[PDB]
Amino acid sequence: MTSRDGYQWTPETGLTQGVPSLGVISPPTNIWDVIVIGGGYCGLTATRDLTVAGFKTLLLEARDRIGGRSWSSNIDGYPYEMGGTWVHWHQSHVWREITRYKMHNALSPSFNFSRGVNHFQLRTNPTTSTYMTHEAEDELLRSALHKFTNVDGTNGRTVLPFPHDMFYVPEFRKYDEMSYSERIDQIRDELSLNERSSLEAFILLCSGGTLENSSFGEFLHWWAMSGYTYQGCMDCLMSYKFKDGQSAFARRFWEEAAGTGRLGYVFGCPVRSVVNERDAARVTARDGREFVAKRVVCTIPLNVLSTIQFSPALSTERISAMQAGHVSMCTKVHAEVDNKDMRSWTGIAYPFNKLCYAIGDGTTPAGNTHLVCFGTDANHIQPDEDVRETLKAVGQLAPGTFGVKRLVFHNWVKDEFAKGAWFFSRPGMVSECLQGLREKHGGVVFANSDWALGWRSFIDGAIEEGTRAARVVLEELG
Amino acid sequence: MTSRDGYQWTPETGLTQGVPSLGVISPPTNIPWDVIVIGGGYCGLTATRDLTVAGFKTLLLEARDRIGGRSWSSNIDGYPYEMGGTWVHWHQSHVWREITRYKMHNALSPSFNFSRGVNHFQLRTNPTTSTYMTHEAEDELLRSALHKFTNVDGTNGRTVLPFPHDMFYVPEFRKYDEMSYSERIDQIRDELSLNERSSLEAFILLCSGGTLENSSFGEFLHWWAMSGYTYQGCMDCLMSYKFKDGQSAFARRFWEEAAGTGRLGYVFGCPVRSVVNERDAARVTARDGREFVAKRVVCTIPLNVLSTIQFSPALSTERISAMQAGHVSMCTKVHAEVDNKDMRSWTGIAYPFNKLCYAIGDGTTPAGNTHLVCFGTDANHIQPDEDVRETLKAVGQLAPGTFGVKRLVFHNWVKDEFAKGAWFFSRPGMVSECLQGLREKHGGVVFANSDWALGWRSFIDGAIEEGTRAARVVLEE
Ligand SMILES: Cc1cc2nc3c(=O)[nH]c(=O)nc-3n(C[C@@H](O)[C@H](O)[C@H](O)COP(=O)(O)OP(=O)(O)OC[C@@H]3O[C@@H](n4cnc5c(N)ncnc54)[C@H](O)[C@H]3O)c2cc1C
Ligand SMILES: Cc1cc2nc3c(=O)[nH]c(=O)nc-3n(C[C@@H](O)[C@H](O)[C@H](O)COP(=O)(O)OP(=O)(O)OC[C@@H]3O[C@@H](n4cnc5c(N)ncnc54)[C@H](O)[C@H]3O)c2cc1C
């Protein structure tokens, strides 16, 4: 079935809105111990866990589909990943779900250097290009990232030995309070233009924000989780994806919860308020429908929380977090291109372009190279507003080398049920707000990847929180 | 309470058998069944936990007087001595998931602590001399040796084994599973110094628990790939972080969750001898003769113990081959509470002349003394219970004239009829040939064990991976 989310473009058709996805459900309602608000991976995991354990559970979702910030669209036999894509066995919670659902052998490597141009193209201004082996690329980045992360002599292993517990070493704090910008000023004189351009594009790829509004320490956190090495990051952040797309993975959570016969659900159901009552909680949609359950697991994203009325009011720490917002404003654009040899191309174009990092990520059934392109708040584009400028930004990644057959993207920034992409914090925000984002609220359990402990902001972190949310509810009732 | 497993030695008390463990279940029973789970190790504990929480009436039948199997801890004078499986990391999916779900992510200790004391690595290649080194220099030497050992494909195994969960993804990988440790060393011999080769062999033998000749090179590549294809990755995953309250506190979490569903039946001290599949049901018979019936059976008995069990209908050709050959890990693990405070920051390799080859300062008891953990392998084997003097000699040769022993603690895994080996490690070619047969349906018997996991095979993680698969399979109803 075809979702309301997403955009597609071809030369023949122009820009159309709405694309297919297995995430679309399916019949939109089939209508409690528990209400779960939101059906991304956090909500899916909580719901799966709770229904399997014997609770009647109602899932309320604003969209016409499951998956939230992660979901895929099969177009002409090719899964286009609209948001969260990549997974790895070094990621505990997603991996456990992958193997339990027997999908550990249903993955593809995004990188294929076995034919074609097999180079990295670095663009530091609009006129000119630098070419490089992928090896040389790997090494440009290791060298840059070593300097960026070596605040303690051990690339973070001393100040953050236990990433799950940021205050184990009291001293990590100053790094959470530091911006990318402040860090770079410290190591500046020691970086070439090539190292710095590569480094800035890489760290901003990770934050989706700006040099000034991105927490250095949050990046140290990603680095630490990944093995405190550049190759560790690439393995964990960008190497392996589902062959059948993230939506086939979300479906497995959905099918299991449904198979218990304890699942109620409503889609197209944007929640407007959550009010604690005597021994229960009442959730009301924008259109006035009301639902009641003993406990509510609320998985609305940080950047959307300020749209909801809660009673009692949320705590002071929750309020600051949501008013400030996280900074990831990532624009992600897929491009089906007519250059077959670009399967093995990668490119960084920084800082002049609105898309700054792109990779050949696959080959469609039609035989065309698929490129994925990323842009950040550093030089922002809204990919839907002016196709001409979006195309010009894709092309500038490799001027004069290809024509575009198709674009596919979803706009996360302008999307009212996301308002941003994956979580990334401002300097000081996690230090300050994480405990609060995570604290009790009577009968409401706030659970989201945005405030995970481990792979925070990742599909993994959604699953971690989701599991934690089910466990809390279980303990409180039973 | 005190288990019958394990041993303790002090100058004052001699050698005593039996040591405390929170893993001991008292009382030893609380008794139709949907599922019988044979074995209360991490694999049995996971499958039972999952099955009972999901609503199944489950009977757990365990040979020992305790849970944990090849992993369990003993609190002696307020210190947890890890008798088997010890270390965990967040790059191990299954164990970590259980740790965070049980909220024990913040209940870990670092084994390594280089912040005071002798702070050096001691390498011994003959009984009369030592070579002293910094920890940095130690890391460097092993990083260099291991780079040469693993660089079969130009990228330290990343090309031939990109998805360790699927070993045959690259068909070229098989030839390496069929190689032995010694086959690979001989290929690079002329490029390794004594110090590089001594360190290398000690490290790779530490991982296999067997000999140069019977350890699969490919299987070491599998551990290497799971850890991140680096030496630091291996250290992080293999030996860095342990539970501050001991592995047995961790297993008790699976137990209490299972117990509190009210759907758990159990019999400790109950060794099984036979499992026969009947019509839509299956019958399990103890040694004493007790019979149990359930619709399906999850059997978590270790590979090396399986041939003691009698199955009907009979197991397949590849299962039989696997259980006759047996895995090679004959690891000896001996704890020494010693009187040298400065050895907190010590590590040593003594190879190949000593019966314990690898050892580390691993903590400090509440009494104030250094805890050393020592390993030996089938390359130069000691049976630590058979003669205390010989065991003290082995310990003392890791660093002669530097300490007196106040206490030893250990369990003999090799002479344990319910393990008959330590963690799984394969012979050349065994995993290629046998894995799938070890994984395969068997009527109403589902065989599950760390020994035949896909990812962290032979690890606690692998037990949990397998226990999880086993609970899922059972439905199926
Ligand atoms: C472009 C992009 C790229 C990414 N890259 C990766 C990657 O490579 N790997 C990775 O692991 N992660 C990646 N991420 C991270 C991302 O996948 C998230 O961290 C994760 O999916 C969040 O899941 P969640 O369940 O915590 O929240 P979400 O997925 O946002 O789900 C919660 C949402 O609650 C619903 N909701 C919101 N408001 C309301 C309301 N008012 N009423 C009812 N329901 C409401 C949303 O519609 C429902 O889907 C990426 C994300 C994006 C956007
Ligand atoms: C010395 C040592 C050090 C190790 N180091 C580490 C480490 O640092 N980190 C790590 O992750 N792993 C380590 N390992 C790996 C190890 O802990 C195992 O891989 C894992 O614990 C096996 O779990 P399992 O539940 O699959 O099997 P087990 O725990 O072996 O299986 C459960 C067992 O089945 C029972 N049983 C056997 N026969 C019968 C019978 N006839 N009837 C009834 N019950 C029977 C056993 O008594 C019961 O406990 C180590 C192991 C050892 C021995």
# chains A, B, ... in the order shown; residues from 1 in each chain; ligands from 1

$ residues_near_ligand --ligand "ligand 2" --cutoff "7 Å" --atoms "only C-alpha atoms and all ligand atoms" --output "VMD selection string"
chain B and resid 38 to 44 61 to 64 67 to 71 83 to 88 238 to 239 270 to 273 300 to 302 305 309 331 to 333 413 418 to 419 421 to 424 448 to 451 458 to 463

$ residues_around --residues "residue 103 in chain B" --least-positions-apart "3" --cutoff "12 Å" --atoms "only C-alpha atoms" --output "number ranges by chain"
A: 164-165, 453, 464-465, 467-468, 471-472; B: 96-100, 106-108, 243, 250, 253

$ write_last_selection --atoms "N, CA and C atoms" --output "PDB file, in the first residue's frame"
ATOM      1  N   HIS A 164      28.076   3.739  28.385  1.00  0.00           N
ATOM      2  CA  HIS A 164      26.718   3.631  28.917  1.00  0.00           C
ATOM      3  C   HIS A 164      26.502   4.468  30.168  1.00  0.00           C
ATOM      4  N   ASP A 165      27.590   4.993  30.724  1.00  0.00           N
ATOM      5  CA  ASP A 165      27.588   5.730  31.974  1.00  0.00           C
ATOM      6  C   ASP A 165      28.576   6.888  31.821  1.00  0.00           C
ATOM      7  N   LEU A 453      20.569   5.110  26.534  1.00  0.00           N
ATOM      8  CA  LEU A 453      21.887   5.086  27.132  1.00  0.00           C
ATOM      9  C   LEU A 453      23.034   4.707  26.221  1.00  0.00           C
ATOM     10  N   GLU A 464      16.308  -0.585  22.593  1.00  0.00           N
ATOM     11  CA  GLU A 464      16.724  -0.568  23.987  1.00  0.00           C
ATOM     12  C   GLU A 464      15.682   0.111  24.876  1.00  0.00           C
ATOM     13  N   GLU A 465      15.220   1.263  24.498  1.00  0.00           N
ATOM     14  CA  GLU A 465      14.230   1.979  25.267  1.00  0.00           C
ATOM     15  C   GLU A 465      12.869   1.336  25.334  1.00  0.00           C
ATOM     16  N   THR A 467      12.339  -1.920  25.029  1.00  0.00           N
ATOM     17  CA  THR A 467      12.504  -3.015  25.957  1.00  0.00           C
ATOM     18  C   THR A 467      12.421  -2.532  27.387  1.00  0.00           C
ATOM     19  N   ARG A 468      13.111  -1.453  27.679  1.00  0.00           N
ATOM     20  CA  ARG A 468      13.057  -0.866  29.011  1.00  0.00           C
ATOM     21  C   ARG A 468      11.611  -0.425  29.352  1.00  0.00           C
ATOM     22  N   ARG A 471       9.494  -3.510  30.267  1.00  0.00           N
ATOM     23  CA  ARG A 471       9.910  -3.946  31.566  1.00  0.00           C
ATOM     24  C   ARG A 471       9.429  -3.107  32.759  1.00  0.00           C
ATOM     25  N   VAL A 472       9.426  -1.815  32.648  1.00  0.00           N
ATOM     26  CA  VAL A 472       8.882  -0.966  33.664  1.00  0.00           C
ATOM     27  C   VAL A 472       7.378  -1.149  33.930  1.00  0.00           C
TER      28      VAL A 472
ATOM     29  N   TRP B  96      24.631  -8.555  26.168  1.00  0.00           N
ATOM     30  CA  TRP B  96      24.471  -7.147  26.516  1.00  0.00           C
ATOM     31  C   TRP B  96      23.017  -6.777  26.615  1.00  0.00           C
ATOM     32  N   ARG B  97      22.196  -7.336  25.770  1.00  0.00           N
ATOM     33  CA  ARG B  97      20.787  -7.068  25.807  1.00  0.00           C
ATOM     34  C   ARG B  97      20.179  -7.475  27.134  1.00  0.00           C
ATOM     35  N   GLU B  98      20.581  -8.634  27.591  1.00  0.00           N
ATOM     36  CA  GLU B  98      20.111  -9.132  28.868  1.00  0.00           C
ATOM     37  C   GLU B  98      20.620  -8.277  30.033  1.00  0.00           C
ATOM     38  N   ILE B  99      21.876  -7.832  29.927  1.00  0.00           N
ATOM     39  CA  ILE B  99      22.480  -6.936  30.925  1.00  0.00           C
ATOM     40  C   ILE B  99      21.738  -5.595  31.051  1.00  0.00           C
ATOM     41  N   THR B 100      21.410  -4.967  29.921  1.00  0.00           N
ATOM     42  CA  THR B 100      20.681  -3.695  29.971  1.00  0.00           C
ATOM     43  C   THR B 100      19.228  -3.874  30.377  1.00  0.00           C
ATOM     44  N   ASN B 106      25.670  -0.936  34.612  1.00  0.00           N
ATOM     45  CA  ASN B 106      26.508  -0.118  35.500  1.00  0.00           C
ATOM     46  C   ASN B 106      27.079  -0.910  36.651  1.00  0.00           C
ATOM     47  N   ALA B 107      26.979  -2.226  36.548  1.00  0.00           N
ATOM     48  CA  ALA B 107      27.439  -3.102  37.607  1.00  0.00           C
ATOM     49  C   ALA B 107      28.643  -3.960  37.159  1.00  0.00           C
ATOM     50  N   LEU B 108      29.513  -3.361  36.344  1.00  0.00           N
ATOM     51  CA  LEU B 108      30.702  -4.040  35.802  1.00  0.00           C
ATOM     52  C   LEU B 108      31.971  -3.453  36.394  1.00  0.00           C
ATOM     53  N   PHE B 243      31.263  -8.784  35.889  1.00  0.00           N
ATOM     54  CA  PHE B 243      30.248  -8.340  36.827  1.00  0.00           C
ATOM     55  C   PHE B 243      30.821  -8.123  38.232  1.00  0.00           C
ATOM     56  N   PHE B 250      24.146 -12.563  38.011  1.00  0.00           N
ATOM     57  CA  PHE B 250      23.548 -12.367  36.692  1.00  0.00           C
ATOM     58  C   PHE B 250      22.596 -13.498  36.358  1.00  0.00           C
ATOM     59  N   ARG B 253      19.131 -13.528  37.971  1.00  0.00           N
ATOM     60  CA  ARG B 253      18.124 -12.657  37.353  1.00  0.00           C
ATOM     61  C   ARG B 253      17.226 -13.391  36.364  1.00  0.00           C
TER      62      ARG B 253
END

$ interface_residues --of "chain B" --to "chain A" --cutoff "8 Å" --atoms "only C-alpha atoms" --output "list in words"
residues 53, 54, 55, 90, 91, 92, 93, 94, 96, 97, 100, 101, 105, 106, 165, 166, 228, 233, 465, 468, 469 and 472 of chain B

$ residues_near_ligand --ligand "ligand 1" --cutoff "7 Å" --atoms "only C-alpha atoms and all ligand atoms" --output "ChimeraX atom specification"
/A:37-43,60-63,66-70,82-87,237-238,269-272,299-301,304,308,330-332,412,417-418,420-423,447-450,457-462

$ residues_around --residues "range 387-392 of chain B" --least-positions-apart "4" --cutoff "8 Å" --atoms "only C-alpha atoms" --output "list in words"
residues 15, 382, 396 and 405 of chain B

$ write_last_selection --atoms "N, CA, C and O atoms" --output "compact mmCIF listing (two decimals), in the first residue's frame"
# COMPACT_ATOMS: atom_id res chain seq x y z
N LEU B 15 43.41 -28.49 50.81
CA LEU B 15 42.53 -28.46 49.69
C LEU B 15 41.19 -28.99 50.05
O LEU B 15 41.07 -30.11 50.38
N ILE B 382 47.84 -29.03 33.01
CA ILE B 382 47.76 -29.37 34.37
C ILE B 382 46.33 -29.57 34.83
O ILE B 382 45.46 -28.87 34.49
N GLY B 396 53.52 -19.97 40.56
CA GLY B 396 54.78 -19.31 40.89
C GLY B 396 55.78 -19.10 39.76
O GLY B 396 56.57 -18.16 39.82
N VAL B 405 51.47 -17.30 47.80
CA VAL B 405 50.04 -17.54 47.60
C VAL B 405 49.29 -17.69 48.94
O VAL B 405 49.60 -18.56 49.75

$ select_by_dssp --residues "range 138-316 of chain A" --states "helix (DSSP H, G or I)" --output "count of residues only"
83

$ residues_around --residues "residue 51 in chain B" --least-positions-apart "5" --cutoff "12 Å" --atoms "only C-alpha atoms" --output "PyMOL selection string"
(chain A and resi 52-53) or (chain B and resi 33-37+44-46+56-60+254+257-259+261-264+296-298+467-475+477)

$ write_last_selection --atoms "N, CA, C and O atoms" --output "compact mmCIF listing (two decimals), in the first residue's frame"
# COMPACT_ATOMS: atom_id res chain seq x y z
N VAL A 52 3.20 -10.19 24.08
CA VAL A 52 3.76 -11.53 24.29
C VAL A 52 3.68 -11.92 25.77
O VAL A 52 3.39 -13.06 26.11
N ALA A 53 3.89 -10.96 26.66
CA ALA A 53 3.88 -11.22 28.11
C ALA A 53 2.48 -11.21 28.72
O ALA A 53 2.34 -11.34 29.94
N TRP B 33 3.47 -30.93 31.42
CA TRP B 33 4.43 -29.90 30.95
C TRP B 33 4.37 -29.65 29.44
O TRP B 33 4.22 -30.58 28.64
N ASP B 34 4.52 -28.40 29.08
CA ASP B 34 4.66 -28.03 27.71
C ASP B 34 6.07 -28.22 27.23
O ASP B 34 6.30 -28.66 26.15
N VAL B 35 7.02 -27.87 28.05
CA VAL B 35 8.42 -27.96 27.66
C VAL B 35 9.31 -28.48 28.79
O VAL B 35 9.20 -28.04 29.94
N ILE B 36 10.19 -29.42 28.46
CA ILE B 36 11.27 -29.73 29.36
C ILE B 36 12.52 -29.06 28.83
O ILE B 36 12.86 -29.20 27.65
N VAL B 37 13.18 -28.30 29.69
CA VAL B 37 14.48 -27.77 29.37
C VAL B 37 15.53 -28.53 30.17
O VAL B 37 15.53 -28.51 31.40
N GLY B 44 19.92 -22.68 28.85
CA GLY B 44 18.70 -23.18 29.51
C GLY B 44 17.95 -22.07 30.24
O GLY B 44 16.73 -21.92 30.10
N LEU B 45 18.69 -21.26 31.00
CA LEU B 45 18.09 -20.12 31.67
C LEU B 45 17.34 -19.15 30.73
O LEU B 45 16.31 -18.60 31.12
N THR B 46 17.86 -18.93 29.52
CA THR B 46 17.24 -17.98 28.59
C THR B 46 15.96 -18.56 28.00
O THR B 46 14.94 -17.88 27.92
N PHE B 56 4.26 -20.51 28.88
CA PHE B 56 4.42 -21.96 28.83
C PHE B 56 4.76 -22.55 30.18
O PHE B 56 5.56 -21.99 30.93
N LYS B 57 4.11 -23.68 30.50
CA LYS B 57 4.45 -24.46 31.68
C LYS B 57 5.75 -25.19 31.35
O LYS B 57 5.79 -26.06 30.47
N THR B 58 6.82 -24.80 32.04
CA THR B 58 8.16 -25.29 31.71
C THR B 58 8.84 -25.97 32.88
O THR B 58 8.93 -25.42 33.98
N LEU B 59 9.32 -27.18 32.64
CA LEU B 59 10.13 -27.90 33.63
C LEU B 59 11.63 -27.85 33.29
O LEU B 59 12.06 -28.32 32.23
N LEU B 60 12.41 -27.31 34.22
CA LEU B 60 13.86 -27.26 34.08
C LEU B 60 14.52 -28.40 34.85
O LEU B 60 14.35 -28.53 36.07
N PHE B 254 17.83 -14.25 35.54
CA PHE B 254 17.06 -15.10 34.65
C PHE B 254 16.20 -16.04 35.49
O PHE B 254 15.06 -16.34 35.13
N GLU B 257 13.16 -14.18 37.36
CA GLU B 257 12.15 -13.81 36.38
C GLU B 257 11.35 -15.04 36.00
O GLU B 257 10.11 -15.00 35.96
N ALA B 258 12.04 -16.15 35.72
CA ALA B 258 11.36 -17.40 35.38
C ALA B 258 10.48 -17.89 36.53
O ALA B 258 9.33 -18.26 36.31
N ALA B 259 11.02 -17.85 37.75
CA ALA B 259 10.32 -18.35 38.95
C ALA B 259 9.03 -17.58 39.17
O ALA B 259 7.96 -18.19 39.27
N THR B 261 6.99 -16.13 37.32
CA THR B 261 5.86 -16.27 36.41
C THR B 261 4.88 -17.24 37.02
O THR B 261 3.71 -17.26 36.65
N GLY B 262 5.36 -18.04 37.97
CA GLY B 262 4.57 -19.13 38.55
C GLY B 262 4.40 -20.34 37.63
O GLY B 262 3.68 -21.27 37.97
N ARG B 263 5.05 -20.33 36.46
CA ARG B 263 4.93 -21.46 35.52
C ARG B 263 6.21 -22.27 35.40
O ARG B 263 6.37 -23.04 34.45
N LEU B 264 7.12 -22.11 36.35
CA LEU B 264 8.39 -22.83 36.31
C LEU B 264 8.40 -24.04 37.26
O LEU B 264 8.21 -23.89 38.47
N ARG B 296 7.42 -30.85 23.76
CA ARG B 296 8.73 -30.64 23.20
C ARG B 296 9.73 -30.59 24.30
O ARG B 296 9.42 -30.27 25.40
N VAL B 297 11.07 -30.82 23.96
CA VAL B 297 12.28 -30.83 24.80
C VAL B 297 13.37 -29.92 24.21
O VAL B 297 13.77 -30.08 23.07
N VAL B 298 13.83 -28.97 25.02
CA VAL B 298 15.01 -28.17 24.72
C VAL B 298 16.20 -28.79 25.46
O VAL B 298 16.24 -28.80 26.70
N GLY B 467 19.68 -20.05 23.35
CA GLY B 467 18.51 -20.15 24.22
C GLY B 467 17.34 -19.38 23.61
O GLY B 467 16.21 -19.90 23.50
N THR B 468 17.62 -18.21 23.08
CA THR B 468 16.62 -17.41 22.41
C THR B 468 16.05 -18.13 21.18
O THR B 468 14.88 -18.17 21.01
N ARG B 469 16.91 -18.69 20.36
CA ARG B 469 16.46 -19.41 19.22
C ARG B 469 15.65 -20.56 19.70
O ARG B 469 14.66 -20.90 19.10
N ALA B 470 16.05 -21.15 20.81
CA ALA B 470 15.30 -22.34 21.22
C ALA B 470 13.87 -21.98 21.67
O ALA B 470 12.94 -22.73 21.39
N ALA B 471 13.68 -20.84 22.34
CA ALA B 471 12.34 -20.48 22.83
C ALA B 471 11.41 -20.12 21.67
O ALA B 471 10.27 -20.57 21.61
N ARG B 472 11.97 -19.45 20.69
CA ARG B 472 11.28 -19.11 19.51
C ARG B 472 10.85 -20.31 18.68
O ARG B 472 9.74 -20.38 18.26
N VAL B 473 11.70 -21.29 18.52
CA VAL B 473 11.37 -22.49 17.79
C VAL B 473 10.19 -23.28 18.37
O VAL B 473 9.30 -23.71 17.68
N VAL B 474 10.23 -23.49 19.65
CA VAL B 474 9.18 -24.12 20.39
C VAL B 474 7.77 -23.65 20.03
O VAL B 474 6.84 -24.27 20.37
N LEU B 475 7.62 -22.57 19.28
CA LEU B 475 6.33 -22.10 18.77
C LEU B 475 6.17 -21.99 17.27
O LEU B 475 6.56 -21.01 16.73
N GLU B 477 4.10 -24.26 18.93
CA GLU B 477 3.37 -24.90 20.05
C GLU B 477 3.90 -26.26 20.54
O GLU B 477 4.47 -26.36 21.63

$ residues_around --residues "residue 142 in chain B" --least-positions-apart "6" --cutoff "12 Å" --atoms "only C-alpha atoms" --output "list in words"
residues 121, 123, 135, 136, 148, 149, 150, 192, 193, 195, 196, 197, 198, 199, 200, 201, 202, 203, 204, 230, 231, 232, 234, 235 and 349 of chain B

$ residues_around --residues "residue 130 in chain A" --least-positions-apart "2" --cutoff "12 Å" --atoms "only C-alpha atoms" --output "number ranges by chain"
A: 119-128, 132-133, 136-137, 193-194, 197-198, 346-349, 397-398

$ residues_around --residues "residue 244 in chain A" --least-positions-apart "6" --cutoff "10 Å" --atoms "only C-alpha atoms" --output "number ranges by chain"
A: 72-74, 77-80, 103, 106-108

$ atom_distance --atom1 "CA of residue 368 in chain B" --atom2 "CA of residue 339 in chain B"
8.8 Å

$ select_by_dssp --residues "range 181-307 of chain A" --states "strand (DSSP E)" --output "list in words"
residues 240, 241, 242, 263, 264, 265, 266, 271, 272, 273, 274, 275, 276, 277, 280, 281, 282, 283, 284, 285, 290, 291, 292, 293, 295, 296, 297 and 298 of chain A

$ atom_distance --atom1 "CA of residue 3 in chain B" --atom2 "CA of residue 74 in chain B"
9.1 Å

$ closest_residue --among "B:439, B:143, B:427, B:457" --to "residue 217 in chain B" --atoms "only C-alpha atoms"
B:427

$ decode --residues "range 122-133 of chain A" --atoms "N, CA and C atoms" --output "PDB file, in the first residue's frame"
ATOM      1  N   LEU A 122      36.860  14.508  -3.518  1.00  0.00           N
ATOM      2  CA  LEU A 122      36.770  15.532  -2.474  1.00  0.00           C
ATOM      3  C   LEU A 122      36.663  16.908  -3.124  1.00  0.00           C
ATOM      4  N   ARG A 123      35.617  17.649  -2.777  1.00  0.00           N
ATOM      5  CA  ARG A 123      35.386  18.988  -3.356  1.00  0.00           C
ATOM      6  C   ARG A 123      35.314  20.009  -2.231  1.00  0.00           C
ATOM      7  N   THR A 124      36.245  20.953  -2.275  1.00  0.00           N
ATOM      8  CA  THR A 124      36.429  21.937  -1.230  1.00  0.00           C
ATOM      9  C   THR A 124      36.042  23.314  -1.765  1.00  0.00           C
ATOM     10  N   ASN A 125      35.803  23.378  -3.080  1.00  0.00           N
ATOM     11  CA  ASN A 125      35.196  24.540  -3.730  1.00  0.00           C
ATOM     12  C   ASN A 125      34.469  24.151  -5.024  1.00  0.00           C
ATOM     13  N   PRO A 126      33.564  25.021  -5.517  1.00  0.00           N
ATOM     14  CA  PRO A 126      32.724  24.707  -6.685  1.00  0.00           C
ATOM     15  C   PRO A 126      33.469  24.473  -7.998  1.00  0.00           C
ATOM     16  N   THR A 127      34.702  24.945  -8.098  1.00  0.00           N
ATOM     17  CA  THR A 127      35.395  24.928  -9.379  1.00  0.00           C
ATOM     18  C   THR A 127      36.087  23.608  -9.644  1.00  0.00           C
ATOM     19  N   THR A 128      36.531  22.958  -8.579  1.00  0.00           N
ATOM     20  CA  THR A 128      37.674  22.065  -8.647  1.00  0.00           C
ATOM     21  C   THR A 128      37.406  20.744  -7.893  1.00  0.00           C
ATOM     22  N   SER A 129      38.181  19.685  -8.173  1.00  0.00           N
ATOM     23  CA  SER A 129      38.005  18.383  -7.501  1.00  0.00           C
ATOM     24  C   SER A 129      39.320  17.690  -7.155  1.00  0.00           C
ATOM     25  N   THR A 130      39.365  17.009  -6.011  1.00  0.00           N
ATOM     26  CA  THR A 130      40.470  16.083  -5.726  1.00  0.00           C
ATOM     27  C   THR A 130      40.034  14.605  -5.754  1.00  0.00           C
ATOM     28  N   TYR A 131      40.782  13.808  -6.524  1.00  0.00           N
ATOM     29  CA  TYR A 131      40.574  12.354  -6.598  1.00  0.00           C
ATOM     30  C   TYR A 131      41.610  11.563  -5.798  1.00  0.00           C
ATOM     31  N   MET A 132      41.183  10.398  -5.330  1.00  0.00           N
ATOM     32  CA  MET A 132      41.875   9.670  -4.291  1.00  0.00           C
ATOM     33  C   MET A 132      41.424   8.196  -4.305  1.00  0.00           C
ATOM     34  N   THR A 133      42.325   7.278  -3.968  1.00  0.00           N
ATOM     35  CA  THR A 133      41.908   5.902  -3.779  1.00  0.00           C
ATOM     36  C   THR A 133      41.055   5.870  -2.537  1.00  0.00           C
TER      37      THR A 133
END
